[PDB]
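# Close look at the chain arrangement
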Amino acid sequence: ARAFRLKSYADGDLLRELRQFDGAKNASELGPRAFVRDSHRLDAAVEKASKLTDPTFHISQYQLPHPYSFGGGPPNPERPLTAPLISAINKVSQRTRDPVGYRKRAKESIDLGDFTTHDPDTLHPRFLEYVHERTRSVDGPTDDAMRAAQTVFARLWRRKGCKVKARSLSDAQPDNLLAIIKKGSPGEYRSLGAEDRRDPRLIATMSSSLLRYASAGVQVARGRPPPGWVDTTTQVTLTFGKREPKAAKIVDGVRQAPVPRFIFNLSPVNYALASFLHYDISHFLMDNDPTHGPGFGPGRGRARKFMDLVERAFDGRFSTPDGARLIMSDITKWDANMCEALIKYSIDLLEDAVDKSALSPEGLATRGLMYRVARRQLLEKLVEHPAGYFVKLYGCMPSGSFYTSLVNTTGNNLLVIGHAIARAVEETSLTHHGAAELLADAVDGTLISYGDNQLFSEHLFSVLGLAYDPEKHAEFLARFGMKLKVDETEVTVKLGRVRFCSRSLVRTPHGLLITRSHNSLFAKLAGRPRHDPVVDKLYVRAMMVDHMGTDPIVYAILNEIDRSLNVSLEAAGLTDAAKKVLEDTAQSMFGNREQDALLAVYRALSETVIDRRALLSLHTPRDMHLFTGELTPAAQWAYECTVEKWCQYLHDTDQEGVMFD
């Protein structure tokens, strides 16, 4: 495809120039669920950016003769699991403490549970959240505290033994590339006939798109100019809108169906540039950085960093020993309001961690050009809006980039260390260096973020002689274009309201135990659409694994649903829907969606019954077999726990907060 330039420059002129191109098909699609172009999906967003002095979004002057976008539509109306769910709730609820209150609280989740799918006609209103004012930089004192915070994490990573080195171009040959690549969507190369990132023909294109930087770098070390493409090469991103269970909202008396969350599909060429540069720093933070959420998993010991934080702040008690509180930041539309200012701090910090020091003059120069492009493509993306036309987007962080967890996590962490350095400087006699020194000792074990998901102990602000102010905190993130909902930012001292990534922790007599709200289940089961009754049986069993049989109410409920689906999971076929269920469970429990993990999960779920003892064996730390034989002393306590002793215990220990919300 060769692009053509349009006449105008203003978004309102460019909009009207686009109506003449409407009705075009994707051309890789026949039927009614195909894609058509509709410039009117832009109307709302163009209008919103008229009133902005620096909008995040511009219509691109270059357009293609056919869209690349895919069509689609709504999902199965049928919700075959909520019938057994309400029935089984009725049976189990009787055994709880308040059986009519349990039923009331469940109907809220069950009645508001839906499912979202890719459909460009449902998707375009989501893009309006990404249309706001840009924030290319911040003011004096903010930048001071922010760079002060980068040196907090500079020190943390070195103390946690960062020894990360830049790869050589050796590792860009096809077979060495295969190492750092992971099974994903092949982007705009799905039109040449590909379906994964690990196609042997794609791995070629990726390997070329990395070596091409060598010529340039050689040039740049002869004091010559690099090629022009180093400053221009832009790749096309595609938009999607994810298939996930998402909840309806009852705004003003109507059941507003859920607006699909936004997905990007970065060219595998961008994926290789990111992987080559920042894979080794990601998988270092994953393994050794107490504040790096990503890689978090509910079971098999993959929740170490969540529990460390909590067992440091609670020292065996059900409420903190000091007054010191826990903070759980609710930031609205993180992915849409991730600005340029913060993306810059986060990815620059991540590139520092890499040791360039073993690099040739040509090699240094070459990595320099790779990083220049990667940084640029991180700050300004060429996206095909679900109208079918191309759009310039200046810096957001939607899911589907290699960087989405890496950069959003590093960003939320810099925000709170940055906010706290900025308070310390203005409110006490601490210097910038003075505060950054105290926090580098403090933050090991008192902060953890997984994108917008954030949990930290007030001990952070204590070693500065301050108390956490959710009001001064929202002001700081105001400086970056982020809205901290002070009403929903949970501050507490009660173990039962401490929550990271939807998971709670309940102190049993012999140890801590991970768990999940009852809402989440009842809304996911209420939203699951009709699949082959086998794949739906697998779903219930994937849920059962998710909850690691901690709650005997949840196990009782799920066991009923499971039994009500009278099919045989034995020798079930790897349909595509069944492989989806296995892949997800193998990501949360193993970390890899690899074969020998998919098999471990397949063998586990395709047994005649899944008993609570097995599920509780997910608690006991590992590192194939999903389940083991040994229960932790705390798991074994929960095994001997009935629905009635559970409801008693949570009531006596003031831990009923783990059951709802």
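A few points on the structure.

This next bit is on the nonpolar core. Residues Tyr403, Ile417, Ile421 and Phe480 are the most contacted members of the largest nonpolar core, which totals 83 residues. It is helix α15 (residues 404-427) that provides the largest number of residues to this core, a total of 10 residues. If near-sequence neighbours (up to four positions away) are discounted, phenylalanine 480 is found in contact with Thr135, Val138, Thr142, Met146, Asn337, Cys339, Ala341, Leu342, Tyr345 and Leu415. Of all hydrophobic cores here, the second largest spans 67 residues; its members include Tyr539, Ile610, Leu631 and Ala634.

Moving on: helix α6 (residues 140-159). Compared with an ideal rise of 1.5 Å per residue, which puts 20 residues at 28 Å, α6 spans 29 Å between its outermost C-alpha atoms and is within 8% of the ideal. Those residues of α6 that sit buried are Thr142, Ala145, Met146, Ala148, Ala149, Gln150, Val152, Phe153, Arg155, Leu156 and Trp157. Of the surrounding secondary structure, the elements contacted by the buried residues of α6 are α10 (268-288), α13 (340-353), α15, α16 (432-442), β12 (447-450) and α18 (470-478). The positive-phi residue at the C-terminal boundary of α6 is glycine 161, with phi of around 80°.

Now for unusual backbone geometry. Even without a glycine there, the phi angle at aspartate 252 is positive, about 60°. Positive phi, close to 30°, is recorded for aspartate 315, a residue that is not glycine. Assignment of secondary structure puts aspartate 315 in the loop between α11 (304-314) and β8 (326-329).

Glancing now at the sheet that holds strand β18 (residues 511-516). Taken in spatial order, the 3 strands make up an open sheet running β16-β17-β18, and their pairing is antiparallel. In the strand order of this sheet, the two ends are held by β16 (499-500) and β18, each with one partner.

Read across the open sheet, the 4 strands follow the order β12-β13-β8-β15; overall the sheet is antiparallel. If you trace the sheet from one side to the other, it starts and ends with β12 and β15 (490-492), each paired once. Strand-to-strand twist in this sheet, taken as the mean axis angle between neighbours without regard to direction, amounts to 10°. Across 4 bridges, the pairing between β8 and strand β13 (residues 453-457) is antiparallel. Note that in β13 the partner of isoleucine 327 across the bridge is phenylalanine 456. Here α15 sits on the sheet in contact with β12 and β13, set at roughly 145° to β12.

This paragraph deals with the environment of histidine 625. Along the chain, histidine 625 turns up in the loop between α24 (612-617) and α25 (633-639). Those residues within four positions of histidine 625 in sequence are excluded, and the remaining contacts are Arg300, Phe590 and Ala600.

Criteria and thresholds
Residues numbered from 1 in each chain as written, not as in the entry; some residues may be left out. Heavy atoms only, no water. Residues with missing side-chain atoms left out of burial classes, pairs and counts. Core = buried A, V, L, I, M, F, W, Y, C linked by side-chain atoms within 4.5 Å. Buried < 20%, exposed > 50% of the residue type's maximum accessible area, 1.4 Å probe, protein only. Helix = DSSP H or I, 4+ residues; strand = E, 2+ residues; numbered from the N terminus. Contact = heavy atoms within 4.5 Å. Expected span 1.5 Å × (residues − 1). Pairing = 2+ DSSP bridges. Axes fitted to C-alpha atoms, helices over the stretch in contact; angles between N-to-C directions.

Keep in mind these numbers describe shape, not what the thing actually does.
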